[PDB]
Each structure stands twice: as structure tokens, then as C-alpha cells.
Asker: 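I'd like to ask some things about the structure below.
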Amino acid sequence: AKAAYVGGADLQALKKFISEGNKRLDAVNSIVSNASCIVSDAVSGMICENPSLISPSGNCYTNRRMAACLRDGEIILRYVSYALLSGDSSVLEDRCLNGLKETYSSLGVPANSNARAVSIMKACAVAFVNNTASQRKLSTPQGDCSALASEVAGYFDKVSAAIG
Amino acid sequence: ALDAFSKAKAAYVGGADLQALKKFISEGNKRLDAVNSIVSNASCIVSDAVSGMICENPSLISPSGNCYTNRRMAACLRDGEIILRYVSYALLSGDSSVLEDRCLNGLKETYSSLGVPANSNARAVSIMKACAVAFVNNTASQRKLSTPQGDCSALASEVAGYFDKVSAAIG
Amino acid sequence: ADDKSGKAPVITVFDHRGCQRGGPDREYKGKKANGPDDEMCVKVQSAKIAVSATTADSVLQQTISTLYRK
Amino acid sequence: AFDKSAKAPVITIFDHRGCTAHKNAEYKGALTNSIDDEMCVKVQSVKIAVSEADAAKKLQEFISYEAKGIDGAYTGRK
Ligand SMILES: *[C@@H](C)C1=C(C)C(=O)N/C1=C\c1[nH]c(/C=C2\N=C(C[C@H]3NC(=O)C(C=C)=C3C)C(C)=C2/C=C/C(=O)O)c(CCC(=O)O)c1C
Ligand SMILES: *[C@@H](C)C1=C(C)C(=O)N/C1=C\c1[nH]c(/C=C2\N=C(C[C@H]3NC(=O)C(C=C)=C3C)C(C)=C2/C=C/C(=O)O)c(CCC(=O)O)c1C
Ligand SMILES: *[C@@H](C)[C@H]1/C(=C/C2=NC(=C\c3[nH]c(C[C@H]4NC(=O)C(C=C)=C4C)c(C)c3/C=C/C(=O)O)/C(CCC(=O)O)=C2C)NC(=O)[C@@H]1C
Ligand SMILES: *[C@@H](C)[C@H]1/C(=C/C2=NC(=C\c3[nH]c(C[C@H]4NC(=O)C(C=C)=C4C)c(C)c3/C=C/C(=O)O)/C(CCC(=O)O)=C2C)NC(=O)[C@@H]1C
Ligand SMILES: *[C@H](C)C1=C(C)[C@@H](Cc2[nH]c(/C=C3N=C(/C=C4\NC(=O)[C@H](C)[C@H]4[C@@H](*)C)C(C)=C\3CCC(=O)O)c(/C=C/C(=O)O)c2C)NC1=O
Ligand SMILES: *[C@H](C)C1=C(C)[C@@H](Cc2[nH]c(/C=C3N=C(/C=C4\NC(=O)[C@H](C)[C@H]4[C@@H](*)C)C(C)=C\3CCC(=O)O)c(/C=C/C(=O)O)c2C)NC1=O
Ligand SMILES: *[C@H](C)[C@H]1/C(=C/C2=NC(=C\c3[nH]c(C[C@H]4NC(=O)C(C=C)=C4C)c(C)c3CCC(=O)O)/C(CCC(=O)O)=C2C)NC(=O)[C@@H]1C
Ligand SMILES: *[C@H](C)[C@H]1/C(=C/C2=NC(=C\c3[nH]c(C[C@H]4NC(=O)C(C=C)=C4C)c(C)c3CCC(=O)O)/C(CCC(=O)O)=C2C)NC(=O)[C@@H]1C
């Protein structure tokens with residue numbers, strides 16, 4: 001539960017190990033600094049396209065179910081952000097995805113709806129990484145982050161495949 | 001204009017009552033779309049305004065800043081939401097009577113005695129204003145509500161004026 | 001396999017170049033880079049993810065008003 | 001003068017044209033035989049509240065000082 005901190009010389013070394021270190025940390029930053037919005041928008045969009053999810057028979061009906069769903073969206077988003085920080089999907093697959101479809105099948109968490117929630121979070125993340133807004137609307141130097149965008153997109157695709 | 005919900009319990013206006021309500025406020029259909037575009041984005045508006053206030057003045061969450069500690073940040077996030085919602089009701093009713101009477105009157109005196117910084121509150125309100133105007137004209141990055149194409153600049157100017165009343169009251 | 005604990009890695013990114021924090025930077029326990037990396041830091045912590053009833057109610061209230069329609 | 005109760009009007013706009021899946025029992029007044037029967041404005045006075053735990057989550061997002069979405073000029077500093 002204790003937090004790890006990577007600054008100074010350790011951070012210098014880290015950015016020598018992962019590719020495009022500086023841009024990669026900006027990419028992570030742009031996602032985690034907007035985490036609650038990404039998760040809520042994806043769950044809200046999942047539902048607005050399928051209102052039966054919040055009908056009395058839907059899997060997001062009641063505050064208890066909605067909170068568990070928003071929680072799961074954040075868990076998944078955060079494991080994806082750690083995959084981007086790390087540069088591979090090993091922890092994402094082992095600590096989050098492996099066994100998750102089986103979990104959702106036993107709970108009856110709808111796969112068609114999770115598929116859409118994941119694809120929206122993916123759309124959010126790609127837009128923040130490959131942000132084509134003007135320089136004046138960016139907190140980072142304008143440049144080409146398309147490779148990082150494609151990488152994070154791949155991590156979401158691994159989520160989709162695992163629980164599809 | 002009409003303060004129609006001044007009366008615990010929720011009020012529901014549909015069917016015949018709604019048909020009448022839209023005649024009592026100007027541009028009834030457009031107005032309800034405008035209100036909806038704001039309220040449906042309320043969490044992002046408040047978060048963006050409080051975050052923007054902070055990123056322009058990082059010391060607000062330093063140990064000497066007014067948003068320091070979870071208790072204070074919670075009170076500030078709450079107040080941002082309270083103010084946005086009273087503004088949204090001014091836009092629903094078409095005037096500022098409730099906004100002034102039930103939110104703004106006495107509010108500056110309260111913030112003065114608490115030491116809530118007015119220059120920082122001004123920026124939060126200013127950002128919320130910029131958000132609301134863009135949502136009314138559907139020029140925000142997110143455009144999740146569909147409307148017939150038309151000119152809502154009058155409504156955008158109206159809601160901007162309500163935010164200006166907030167700024168003048170607590171400035 | 002997932003442990004069903006509800007935990008996930010919470011990452012905080014501190015690009016605080018130019019910052020005068022007013023207090024010491026004591027969280028990072030390693031050695032200095034003798035460069036701008038000494039003003040930046042990454043925090044990673046495995047934490048239980050928790051969502052309040054207020055948040056869940058807020059998402060519902062802002063979703064029910066945008067449901068697809070005819 | 002406001003009463004310090006932290007209560008505020010929560011508006012919920014239900015433009016639910018075509019939504020027969022939900023029976024419109026909340027509004028009890030007369031109908032019109034028109035789309036106005038398929039839409040509804042809800043207003044309720046609610047005590048606005050933010051928990052300390054939820055405020056801690058927002059602080060974790062904000063403390064990068066780069067917590068901004070797509071919109072808006074970057075006006076922040078460090
Ligand atoms: C169509 C959008 C839809 C599908 C498809 C589906 O599966 N569920 C759908 C809608 C839905 N409605 C509610 C609850 C409320 N709906 C209204 C507006 C409705 N009620 C009226 O009296 C009139 C006009 C005369 C209309 C247009 C209201 C006021 C609701 C409740 C408010 C409250 O304070 O509780 C839901 C939530 C679950 C439910 O069916 O009760 C859904 C998912
Ligand atoms: C500059 C942006 C700034 C001004 C101006 C101001 O008034 N406060 C400012 C920054 C600030 N930092 C924190 C807390 C943390 N800062 C860091 C990074 C720092 N710590 C290190 O060990 C290193 C070494 C390379 C660096 C660059 C971290 C990790 C912080 C806390 C992590 C945690 O688990 O909480 C704050 C919060 C209040 C405080 O000063 O403690 C501010 C406001
Ligand atoms: C895509 C990700 C976006 C983008 C990013 C971008 N960043 C660039 C340079 C840069 N970023 C940082 C901060 C970074 N480094 C850290 O250690 C941490 C926090 C721990 C973060 C956050 C730094 C320090 C730098 C540059 C340092 C230097 O001396 O040059 C660049 C420029 C290219 C590059 O340096 O690799 C880009 C580009 N730009 C975009 O347009 C998108 C939105
Ligand atoms: C500015 C706000 C944007 C704009 C709005 C716009 N809406 C229009 C017509 C319209 N809107 C509604 C929904 C509204 N009515 C309700 O009762 C409720 C919910 C209770 C809502 C929400 C309706 C039903 C209609 C049309 C009704 C009809 O019978 O014609 C129009 C067209 C002009 C007008 O009708 O006044 C506009 C314009 N359009 C934009 O482009 C901006 C972004
Ligand atoms: C119901 C009518 C419904 C919605 C709810 C909404 C859901 C939705 N959102 C997207 C795409 C993006 N959402 C983003 C979120 C943010 N942008 C910001 O500035 C703040 C910080 C964040 C919270 C609002 C982003 C960055 C997105 C990428 C750009 C884009 O708009 O595409 C989508 C897209 C799905 C897809 O591309 O397949 C949906 C469905 N939309 C609704 O209809
Ligand atoms: C700290 C790094 C910081 C910020 C946070 C941000 C503060 C800020 N925001 C604006 C303008 C708008 N913000 C909007 C919010 C949303 N748009 C969406 O699509 C989602 C759903 C909403 C929540 C994120 C909107 C609609 C804005 C209007 C359009 C625009 O691009 O401006 C501003 C602008 C002030 C001005 O115009 O003078 C600021 C300062 N900026 C930061 O640096
Ligand atoms: C939102 C996009 C979904 C949806 C999600 C729900 N999940 C529910 C219970 C649940 N979720 C998990 C997996 C979660 N826990 C972990 O430890 C990890 C990874 C490390 C993850 C991704 C578990 C183990 C459980 C059961 C125990 C618990 O609640 O913590 C849930 C409530 C289930 C119920 O009440 O029967 C929901 C609603 N629901 C949707 O409709 C969309 C697709
Ligand atoms: C956020 C943009 C601000 C900021 C806000 C803070 N307000 C604090 C306490 C507080 N706020 C109010 C007004 C509020 N209550 C109402 O009933 C109404 C209208 C109906 C509103 C607008 C009151 C009455 C109070 C005191 C009682 C209470 O907390 O509920 C506060 C904590 C003050 C302290 O304990 O020292 C904060 C931080 N702070 C900022 O830095 C930005 C500019």
C-alpha cells in the first residue's frame with residue numbers, strides 16, 4: 001500500500017529505459033489528470049446509447065450498481081495508464097484482465113456494454129495523447145505523439161479482447 | 001420569465017403544464033435545450049473551473065492555500081456546484097430573482113469572514129461562465145446533445161449576464 | 001489473475017519544474033540528478049478504488065437527461 | 001439572504017420523445033396529445049455535498065497542475 005516515488009536520478013534512469021520518456025509521462029499525465037472525466041463519460045455514453053442499462057432490469061440500475069461500474073471503469077483505466085507508464089501490458093493482463101471475463105460472466109455484467117465503455121475510454125485516451133488542439137490550449141510542447149497514442153490504443157484493445 | 005418551482009419533494013412539469021411553461025419563459029424549447037446543455041455537463045464545468053483556478057494559482061493547495069486539506073477542497077468544489085446550479089435555475093426561470101435572493105445576497109460577507117479569496121473565486125466563476133456560453137452555443141469539445149440548428153446567442157448572452165451578477169456580488 | 005480486491009495503480013505525475021513549494025521535497029528518497037529531473041517526480045501507489053453514492057447519483061442524473069431519443 | 005444550508009436547485013431535463021419503455025407516472029397533471037406528453041422538467045432542492053474522500057480524488061488529479069481537458073486556453077503555471 002506504500003507509495004513509490006521516482007524523481008531525480010531514478011527518474012533520469014527511467015526515461016532512459018522506456019521509449020520517448022518525456023512524452024510518455026506527459027501522455028500518462030494527460031490521462032490520469034482527467035481520470036474521473038474519462039470514466040464517467042464512458043459509462044454515461046455506454047448508457048446514453050443503451051438506456052435499458054438504467055432501467056429496473058439493467059446492470060447499472062441503483063446507486064450500488066452504478067458505483068461498482070464506475071469503479072471498474074477506473075480500475076481498468078488505471079491499469080491501462082500503468083501499462084503506458086511501463087511500456088508493456090504484462091501487469092495489465094496478469095493483475096486485471098486474466099480471469100476478468102469469467103468474473104463478469106458469473107456476475108452477469110453485460111459484455112456488449114463493457115465493450116462500448118472500453119472503446120469510449122480508448123477514444124478519450126487517444127484524443128488526449130494525440131491532441132491536435134492549438135498550442136495555446138496545450139500544457140505541453142506541441143509535437144507528434146502518434147506512436148504513444150497507437151500504443152495506448154493497443155492496451156485498450158487488449159482489454160476489449162479479454163472481456164469481449 | 002417565471003420563477004415556477006419556488007415550492008423536500010421534487011416538482012415534475014410535463015404535458016400540459018410543460019406546454020404552458022414554455023409560453024411563460026421566452027424561447028421555451030431553446031431555453032430548455034440551453035439549460036440541459038449546461039446541467040448535463042455540470043460535473044465537468046465545476047471540475048474544470050476549480051482546476052483552472054488552481055493551475056493558475058498553484059499555492060491554493062499549498063499548506064497556506066484556501067483549498068488546502070480535503071475538507072476545504074470539498075467545500076470549494078461544493079460551492080462551485082451550488083453557484084452553477086443557481087445560475088442554471090436563473091436560465092430556466094428567465095430571471096435572477098432566486099439567484100440573488102437565495103444564493104448571492106450575504107455571500108460576499110460570508111466569504112469575507114472566512115477568508116475565502118475573492119480573486120480566486122472570480123477566476124472559478126469566470127471559467128464556469130466560459131464553459132456555459134460554449135455549451136449554450138454547442139461549441140464545446142463535447143457535444144452530446146442534438147438540437148435543430150439555430151441561433152441561441154441571446155440565451156448565451158443571458159446566462160453570461162447571470163455569471164456576471166455572481167462575479168459582481170462576490171468580487 | 002485478478003485478486004478481486006478492487007485495487008489499481010494510482011499514478012500521480014509531478015512536472016513541477018520552476019516550483020517553489022515552500023517546503024522540502026522529501027517524498028523521493030533516491031539520489032539527485034543535478035538537473036531538471038530534480039524538480040519532477042512520479043508517484044505510483046496501489047490503492048482501493050472507491051466511488052461514492054453522490055458520484056454515482058451525479059452520473060445518473062447527468063446521463064438520464066441525454067438518453068438517445070426520437 | 002442565503003441560509004447557509006448548502007441547498008441548491010437540481011434541474012433534470014427529460015427530453016424523452018419516443019421513450020415508451022418508461023411509463024410516465026411522475027408528472028400527474030393533464031396531457032396534450034403531443035410531444036409535450038413525452039418530455040418533462042424536474043426541479044428539486046438538494047443539499048449539495050462533497051465528501052472528503054472525493055475531494056482527495058480531485059486533489060490527486062489537480063496536483064499535476066496540468067489537469068485540463070481539450071477545451072480552454074492553458075493559463076496555468078507551476
Ligand atoms: C427511454 C429514454 C428509456 C428506455 C428505452 C429505457 O429502458 N428507459 C428509458 C427512460 C427512463 N426514464 C426513467 C425515469 C423517469 N422518466 C421521467 C420523465 C417521464 N416521466 C413523466 O411523467 C413524463 C411526462 C409526462 C416523462 C417524459 C421522470 C420524471 C423519471 C423519474 C424521475 C425521478 O425523480 O425518479 C428512467 C429511470 C428508471 C425508471 O424507469 O424509473 C429511465 C431508464
Ligand atoms: C509549485 C507547482 C508549487 C507552488 C508555487 C506551491 O505553493 N506548491 C507547489 C507544489 C506542491 N507540491 C506538493 C506535494 C508534492 N510534490 C512532489 C514532487 C516533489 N517531491 C519530491 O520528493 C521531488 C524530487 C524530485 C519532487 C519534484 C510530491 C511527490 C508531492 C506529494 C506526494 C504525496 O503522496 O502527497 C503540494 C501539496 C502540498 C505540499 O506542499 O505538501 C504542492 C501544493
Ligand atoms: C503527446 C504526449 C503530447 C506532447 C508531449 C511532449 N512533451 C515534450 C517534451 C517534454 N515533456 C516533459 C515532461 C515530462 N518529463 C518528466 O520527467 C515528467 C514528469 C515526471 C513529465 C510530465 C519534459 C521534461 C520535456 C522536455 C524536456 C527537454 O529538455 O527537452 C515534447 C517535445 C519532444 C520531446 O522532448 O520528446 C512533446 C511533443 N506534445 C503534444 O502535442 C501532445 C499533446
Ligand atoms: C441553443 C440552445 C441550441 C439550439 C436549440 C434549439 N432547439 C430547437 C427546437 C426544440 N428543442 C426541443 C427540446 C426542448 N423542449 C422541451 O420541452 C424540452 C424538455 C422538457 C427540451 C429539451 C424541442 C421539443 C424543440 C422543437 C419543438 C417543435 O415542436 O418544433 C430549436 C429550433 C427553433 C425553435 O424551435 O425555437 C433550436 C434552435 N439549436 C442550436 O443550434 C443551439 C446550439
Ligand atoms: C450520451 C448522449 C453521450 C455521452 C455521455 C458522450 C459519451 C462519449 N464521449 C466520447 C469521446 C470523448 N469523450 C472525452 C471526455 C473528455 N474531454 C474533456 O475535455 C474532459 C476532461 C473529459 C470528460 C468529458 C474525450 C477527450 C473524447 C475523445 C474526442 C471525441 O469526442 O470523440 C464518445 C466517442 C466514442 C467513439 O469515438 O467511438 C462518446 C460516445 N457521447 C454521447 O453520445
Ligand atoms: C489548469 C491546467 C487549466 C484548466 C483546468 C483550464 C481552465 C479553463 N477552461 C476554459 C474554457 C472551457 N472549459 C470547458 C469545459 C468542458 N468542455 C467539454 O467538452 C467538457 C465536457 C467540460 C469539462 C472539461 C469549456 C466548454 C470551455 C469553453 C470553450 C474553450 O475552449 O474556451 C478556460 C478559458 C478561459 C477564457 O476563454 O478566457 C480556462 C482558463 N485551463 C488551464 O490552464
Ligand atoms: C461498467 C463499465 C460495467 C459494470 C461493472 C460492475 N462490476 C460489478 C462487480 C465486480 N467487478 C469486479 C472486477 C473488478 N474488481 C477487481 O479487483 C478488478 C481488477 C483488479 C476489477 C476490473 C468484481 C471482482 C466484482 C464483484 C465484487 C465487487 O463488487 O467488488 C458490478 C455489481 C455486480 C452486481 O451487483 O451483481 C457492476 C454493475 N456493469 C455494467 O453494466 C457495465 C458494462
Ligand atoms: C471554490 C471555488 C472557492 C472556495 C470555497 C469554500 N467555501 C467554504 C465554506 C462555506 N461556503 C459557504 C456558501 C455556500 N453555502 C450555501 O448555503 C450557499 C448558497 C445557498 C453557498 C454558495 C458557507 C455558508 C460556508 C461555511 C459553512 C460550510 O462550510 O458549509 C470553504 C471552507 C472555509 C473554512 O473552513 O476555512 C471553502 C474552501 N475556497 C477557495 O479557495 C475557492 C476560491
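Reckoned from all heavy atoms, side chains included, excluding hydrogens, waters and symmetry mates. Chain identifiers are assigned alphabetically (A, B, ...) following the order of the sequence lines, protein sequences preceding nucleic acid strands; residue numbering begins at 1 within each chain.
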Asker: Does a side chain donor of either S120(B) or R123(B) reach within less than 3.5 Å of an acceptor in the other side chain?
Answerer: no
Asker: Give a yes or no on whether the backbone of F5(B) and the side-chain of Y89(B) come within a donor-acceptor separation of less than 3.5 Å.
Answerer: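 Looks like yes, one N/O pair under 3.5 Å.
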Asker: In Å and rounded to the nearest 0.5 Å, what is the OG to CD distance from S59(B) to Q20(C)?
Answerer: 11.5 Å
Asker: Would you please say whether a donor-acceptor pair under 3.5 Å links the side chains of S89(A) and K158(A)?
Answerer: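 There is such a pair (donor and acceptor under 3.5 Å, judged by atom type) between the side chains of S89(A) and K158(A).
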Asker: Is it true that, when you exclude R143(B) itself, more than 12 heavy atoms of the residues, nucleotides or ligands shown sit nearer than 6.0 Å to its CZ?
Answerer: yes
Asker: Compare all side-chain heavy atoms of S40(A) with those of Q62(C) and state whether any distance is below 4.5 angstrom.
Answerer: no
Asker: If you take all heavy atoms of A33(C) and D38(C), which pair is closest and at what distance?
Answerer: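 Looks like N-OD1, 2.7 Å.
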Asker: With rounding to the nearest 0.5 angstrom, report the CZ to CE distance, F135(B) to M128(B).
Answerer: 13.0 Å
Asker: Which pair of non-hydrogen atoms, one from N36(B) and one from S65(C), has the smallest distance, and what is that distance?
Answerer: ND2-O, 3.0 Å
Asker: Please check this pair: side chain of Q12(A) against backbone of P36(C), looking for a donor-acceptor N/O pair closer than 3.5 Å.
Answerer: no
Asker: I'd like to know if the side chain of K4(D) pairs up with that of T110(B) as donor and acceptor (distance under 3.5 Å, no hydrogens or angles considered).
Answerer: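 A pair is found: one side chain offers a donor N or O, the other an acceptor, under 3.5 Å apart.
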Asker: For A122(B), is there any backbone N or O sitting under 3.5 Å from a side-chain donor or acceptor partner on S126(B)?
Answerer: no
Asker: Taking atom OG of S46(C) and atom NZ of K7(C), what is their separation to the nearest 0.5 Å?
Answerer: 3.5 Å
Asker: Any side-chain heavy atom of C37(A) sitting closer than 4.5 Å to one from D48(B)?
Answerer: no
Asker: Using a cut-off of 6.0 Å, state whether more than 12 heavy atoms not belonging to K7(D) lie near its atom NZ.
Answerer: no
Asker: Side chain to side chain contact (heavy atoms under 4.5 Å, CB included) between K43(C) and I63(D): does it pass, once the steps are laid out?
Answerer: CA-CA 12 Å; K43(C) 180 193 180 181; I63(D) 194 152; over 6 Å; no
Asker: Where is the tightest heavy-atom contact between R78(A) and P9(C), given as atom of each residue plus distance?
Answerer: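 Answer, listing the atom of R78(A) first, then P9(C): CB-O, 3.5 Å.
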Asker: If we ignore hydrogens and angles and just use 3.5 Å, is the side chain of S52(C) paired with the main-chain N or O of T55(C) as donor and acceptor?
Answerer: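 Between the backbone of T55(C) and the side chain of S52(C) there is a qualifying donor-acceptor contact (under 3.5 Å).
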Asker: Do side-chain atoms of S33(A) reach the backbone of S30(A) as a donor and acceptor pair under 3.5 angstrom?
Answerer: no
Asker: Do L148(A) and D26(A) touch side chain to side chain, with heavy atoms closer than 4.5 Å?
Answerer: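 Result no, sub-4.5 Å side-chain heavy-atom pair not found.
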Asker: In Å and rounded to the nearest 0.5 Å, what is the SG to CG distance from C60(A) to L70(A)?
Answerer: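 Here the interatomic distance stands at 7.5 Å.
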Asker: Going from NZ on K48(C) to OG on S5(C), what distance comes out if it is rounded to the nearest 0.5 angstrom?
Answerer: 6.5 Å
Asker: For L85(A) and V44(C), run side chain to side chain contact (heavy atoms under 4.5 Å, CB included): C-alpha distance rounded to whole Å, both residues' side-chain angles, the deciding distance at 0.1 Å, then the answer.
Answerer: CA-CA 10 Å; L85(A) 171 62; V44(C) 183; 3.9 Å; yes
Asker: Could you go through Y5(A) and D25(C), starting from their C-alpha distance and side-chain angles, then the distance that decides it, and tell me whether this counts as side chain to side chain contact (heavy atoms under 4.5 Å, CB included)?
Answerer: CA-CA 11 Å; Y5(A) 298 91; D25(C) 286 336; over 6 Å; no
Asker: I'd like to know if the side chain of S51(B) reaches the main chain of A67(D), judged simply by a donor and an acceptor atom lying under 3.5 Å from each other, with no hydrogens or angles considered.
Answerer: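 The answer is yes, because a donor-acceptor pair under 3.5 Å joins these two groups.
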Asker: Is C41(C) close to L11(A) at the side-chain level, that is, under 4.5 Å between some pair of heavy atoms?
Answerer: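 A side-chain contact under 4.5 Å is absent here.
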Asker: Could you tell me the separation between the NZ atom of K57(D) and the OG atom of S51(D), rounded to the nearest 0.5 Å?
Answerer: 9.5 Å
Asker: Just so I know, are the side chains of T139(B) and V133(B) near enough to count as touching, which here means a heavy-atom distance under 4.5 Å?
Answerer: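 Not in contact.
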Asker: Salt-bridge test for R71(A) and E74(A): reply yes if a basic N is under 4.0 Å from a carboxylate O, no otherwise.
Answerer: no
Asker: Judged by atom type as modelled, is there a donor-acceptor pair below 3.5 Å linking the side chain of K137(A) to the main-chain atoms of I70(D)?
Answerer: no
Asker: For residues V125(B) and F163(B), report the shortest heavy-atom separation together with the two atoms involved.
Answerer: CG1-O, 3.8 Å
Asker: So, are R95(A) and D3(C) salt-bridged, with charged N and O less than 4.0 Å apart?
Answerer: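 Salt bridge present between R95(A) and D3(C).
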Asker: Are side-chain heavy atoms of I54(B) and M73(B) found at a separation under 4.5 Å?
Answerer: yes
Asker: I'd like to check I38(B) versus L84(B) (side-chain heavy atoms, cut-off strictly below 4.5 Å). Are they in contact?
Answerer: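 Side-chain contact under 4.5 Å: yes.
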Asker: Donor-acceptor pair, distance only, cut-off 3.5 Å: does the side chain of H22(D) make one with the backbone of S55(A)?
Answerer: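 A pair under 3.5 Å: no.
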Asker: Is a side-chain N or O of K15(A) found less than 3.5 angstrom from the main chain of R24(A), in a donor-acceptor match?
Answerer: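 Judged by distance alone, no pair lies under 3.5 Å.
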Asker: Pair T54(C), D57(C) - check side chain to side chain contact (heavy atoms under 4.5 Å, CB included), show working.
Answerer: CA-CA 5 Å; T54(C) 299; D57(C) 185 72; 5.8 Å; no
Asker: Of all heavy-atom pairs between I11(D) and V39(B), which one has the smallest distance, and what is that distance?
Answerer: O-CG1, 3.1 Å
Asker: With side chains defined as the heavy atoms from C-beta onward, is the minimum distance between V109(A) and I163(A) less than 4.5 Å?
Answerer: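 No. Closest side-chain heavy atoms not under 4.5 Å.
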Asker: So, the side chain of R17(C) versus the backbone of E39(C): is there a donor-acceptor pair under 3.5 Å, distance only?
Answerer: no
Asker: For the residue pair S93(B) and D3(B), confirm or rule out a side-chain donor-acceptor distance under 3.5 Å.
Answerer: no
Asker: Could you report the tightest heavy-atom contact between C69(A) and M46(A), atom names first, then the distance?
Answerer: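 Taking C69(A) first and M46(A) second, the nearest heavy atoms are SG-CE, 4.0 Å.
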